[PDB]
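So this one's two forms of a single chain, laid out as structure tokens and tagged structure 1 and structure 2.
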Structure 1
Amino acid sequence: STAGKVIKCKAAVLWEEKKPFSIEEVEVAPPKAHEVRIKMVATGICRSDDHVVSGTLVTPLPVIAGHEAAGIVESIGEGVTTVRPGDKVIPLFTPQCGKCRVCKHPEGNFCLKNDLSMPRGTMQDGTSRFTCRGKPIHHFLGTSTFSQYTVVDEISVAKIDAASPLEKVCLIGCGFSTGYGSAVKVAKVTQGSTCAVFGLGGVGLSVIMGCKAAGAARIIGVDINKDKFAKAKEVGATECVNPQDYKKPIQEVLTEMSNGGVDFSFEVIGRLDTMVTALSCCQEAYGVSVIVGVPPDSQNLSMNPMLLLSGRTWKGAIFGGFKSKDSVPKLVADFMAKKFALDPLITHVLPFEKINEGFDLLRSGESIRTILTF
């Protein structure tokens, strides 16, 4: 009934850097071949969406940002085979074309069809489905979820359980999957292991959850904010450490605590000093450190390569290591089968029109995750 026609709707457009989002009436073109138009039901606010505002995640402006979300398919273009009008879906900010050597690779997930490396802010065909009073508006990571309606390429969407609570499983579009995958997939945490998690916001809590699912015996939470500790223990942390309580460097504290270094450490805050710290506190011979967050305006870090020469392994990933379209549905299936709870991560829920408020909660540190509802 709206199929094949322009939809007039509201979206949160960022017209310029360092400005609040403007709720604007926009037009959303019908989906072309192999494109999918989605009515949004919920979208989380992620740190990476704010990097667009700060200018640190360089991408074309004006933009409709947002990339952690869920909704319902409104319609499909020619040749779409993987979703149908009515399906519950999660947009995939990391695509899975299934053809490139990354998608072919049994370990790789950073599909070369991504728009993160060298952002164009378009659909795969190099155009935009968005206008604001006839002006073109750029897409973001092929998702653009801060809109009542969006069009994504088929390679950027996954069909999920028709019975999922979208207001919750939207977290699987970024924050949860990223954390949880870091443990379960990238690091491959083993049973009886000792883990250390640097940063206890939403993505850190999700690492803790993955470490617990993997059967870690000790999960050491590390953050300078004490108030973060209760929820960390509530989701699986055995102990919590505030570095400001100590007179010695924190990697020494953690090495002592773990009788000569942890099995797996995770940097989830995105700071250069804590990255090196995290690597050092893991056991010199067989320790693994995983880099989860970054600052997209990153300087270089400075590290001593002897930390690696003893036998350490240092690594990062995007989207928790997960091949996106393959994994998103099983993660929802797991939630549905109650293998893990998402409610501990949701601290604030706001209507979409109060997006700017939600970003204030994010910028201030007062929320773990704000979910916006359409």
Structure 2
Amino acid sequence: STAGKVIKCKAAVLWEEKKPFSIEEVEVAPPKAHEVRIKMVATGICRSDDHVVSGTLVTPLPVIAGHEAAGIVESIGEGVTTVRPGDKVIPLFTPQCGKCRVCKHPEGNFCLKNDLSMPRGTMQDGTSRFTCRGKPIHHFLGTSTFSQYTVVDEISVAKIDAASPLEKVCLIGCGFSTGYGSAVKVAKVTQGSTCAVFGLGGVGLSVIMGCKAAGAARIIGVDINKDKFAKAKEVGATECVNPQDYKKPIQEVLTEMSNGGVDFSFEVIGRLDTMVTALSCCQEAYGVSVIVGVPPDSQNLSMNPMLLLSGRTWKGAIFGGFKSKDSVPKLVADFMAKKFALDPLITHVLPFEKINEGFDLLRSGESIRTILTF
């Protein structure tokens, strides 16, 4: 029995940038008031986790990363009402406090309680539940899913279907929901439209899924890795283009292909140059471009505002625009009801102990999502 006790378990600790994860014993404190301690079942490897390793994302180190996951509630702190021990849950890397001006807004999802903008690497109360070799270890996005056990604030966890296959639905914790929502909710892709999707990883494939669900007539995948094209076509891409095959800039190619610009474009990579290319390739009077990717910390892009003055719309979003705690249980119900597929995103299933091998698969271009199983 572990309730009320410190748990000693295995986790993947990141001690410094640009080094492998260290798989070793940590101590996980019991949950305080309004906190939930979760036994992890499965976690995906998202490129955003790799950004912490590479220094593309700055967050306090040392850290337990991981934000795309599913598990089972081990215990609850005083005052928790939304989950109980034994419940299947998905941690929410974007919280939903329900009380802030964003949570109360019909179209906001970036709750002011988030730990993304100005990361502290703590629980809501400004403390950590993790130690390792006698040192405090930071949280990541209020989730820290690269551990056999984590502790999250109640506002950062959603209860899901007890019959959920956790090794699949962990993807609703980040990559699927982000891409799918970016298309259906943030862009609001229209029936018969032409879309361009820059980046054909797990998130870009989920954007394709959403564009197809929304009835797009044409979905042009763009990637410099042609090995990504076959799966992009399987989930709905009608064409794929590799910028490296062209003498012209790809914005010009895509404008020509779409007879004057696309209806909707998506940046799903994380590069400043592809953000401006994606904006430019949408039709100048009525096009919409959505930034999904995460670029290198503190770097500015350069652009000509005439791109906007003609009528383009440029937007971005976290987690597909979904209000996280309302949406995650509905997405899992929709998955259970066969409304979308997750298997096309899963290329590799490894034990948690092989986390580093999973990151190497992502970095080499081989994988879409590796699911780590605890």
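In this text, rigid core is short for the largest set of C-alphas that superpose within 1.5 Å between two forms. Sequence positions of structure 1, starting at 1, serve as the residue numbers.
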Practice prompt. Provide the displacement, in Å, of the CA of residue 56 between structure 1 and structure 2, taking the core as the superposition reference.
Written response: 2.8
Fill in: Backbone CA shift between structure 1 and structure 2, residue 263, after core fitting (angstrom)
0.7
Discussion item. If the core is used for the superposition, what shift in Å does the C-alpha of residue 298 show between structure 1 and structure 2?
Written reply: 4.8
